[PDB]
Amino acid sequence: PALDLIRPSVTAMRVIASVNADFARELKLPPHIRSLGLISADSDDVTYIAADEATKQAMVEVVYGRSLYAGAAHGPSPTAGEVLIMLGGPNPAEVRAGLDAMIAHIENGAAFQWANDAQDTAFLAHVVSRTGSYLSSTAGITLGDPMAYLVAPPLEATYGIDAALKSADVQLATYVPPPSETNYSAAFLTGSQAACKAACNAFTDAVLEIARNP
């Protein structure tokens, strides 16, 4: 398989209609957020893309979210996948909605792709066409702007990144040097959206280059 999509799956999900007040204080949750949606999943960068997407479909924001040390392959149980997102809303109906934009997007939104027919190397070269509060809460991102979200193993990623800046006028806005918790590297770029698509292509060209050879 060329760059056949990798179908992420949801690993667990629950809503706390009404957080205990004590647990809530420990979370630093605003007064306006008394319901939480919790969601685990197979693929972490995708789940962070679904989360942000939930921020646009519903009235929620992500209270929390972080990944697992050596990936889902190594996860501590079939439940935790390799991410945990914690959405907060003013009530349970808003949070359900955010939960369902997240599921529909994890199952059928952004996706990693195989780097090689051998399906032992994966990557993500995905245009987020309009950013919500999650992705745009990060340094230097404008709310509502387009963005590229690029991920690949360490050497793959560094090269492919360079390649991308060289292929399209974009702005490297964020760079996770190589060892993220899951052991990949990523960066966020910005510019137009037809450019975050020129950029998005050279990155995959460069990841496919290393796979086949480098």
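Residue numbers run from 1 along the displayed sequence.
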| query | finding |
| --- | --- |
| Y64 left out of the model in a third or more of other PDB entries | yes |
| Other entries modelling both neighbours but not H74, at least a third | yes |
| Mean C-alpha B-factor comparison - 165-173 and 150-158, higher one | 165-173 |
| Mean C-alpha B-factor comparison - 201-209 and 188-196, higher one | 188-196 |
| C-alpha B-factor winner, where the candidates are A97, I103, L124, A72 | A72 |
| Most elevated Cα B-factor in the entry, residues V63, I49, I33, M59 | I33 |
| Third of the chain's Cα B-factor distribution that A93 belongs to, per the entry | lowest |
| Lowest, middle or highest third - CA B-factor, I39 | lowest |
| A139 by Cα B-factor - lowest, middle or highest third of the modelled chain | highest |
| Third of the chain, ranked by Cα B-factor, where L84 sits | lowest |
| Lowest, middle or highest third - CA B-factor, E26 | highest |
